[PDB]
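Engineer: FYI, the deposited numbering numbers position 27 of the sequence shown as 27, with every residue one higher than the one before it. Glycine is no exception: its CB is placed at the ideal position from the N, C-alpha and C atoms.
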Amino acid sequence: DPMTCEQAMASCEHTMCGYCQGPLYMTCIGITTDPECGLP
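(1) Output needed for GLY38: all residues of its chain with C-beta closer than 7 Å, excluding positions within five of it in sequence on either side, in chain order.
(2) How many whole angstroms separate the CB atoms of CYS20 and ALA8, which I take to be in contact at a CB cut-off of 8 Å?
(3) Within 10 Å of its beta-carbon, does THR33 have 16 or more other beta-carbons around it, so buried, or fewer, so exposed?
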């Protein structure tokens, strides 16, 4: 399991949302795919 569900979010890599599932999938999505993903 390289990287965690967090790490998928933390990386901004919606593609690797696979670590997260269900609510956490769509949550990691909603962060990673956010236009302002770590955008100041």
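Structural biologist: Taking the structure as given:
(1) By the criterion of a C-beta distance shorter than 7 Å, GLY38 is surrounded in its chain by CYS12, once the five residues flanking it on both sides are discounted.
(2) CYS20 to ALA8, Cβ: 6 Å. Contact.
(3) Classification of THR33: exposed, given that the 10 Å Cβ count is below 16.
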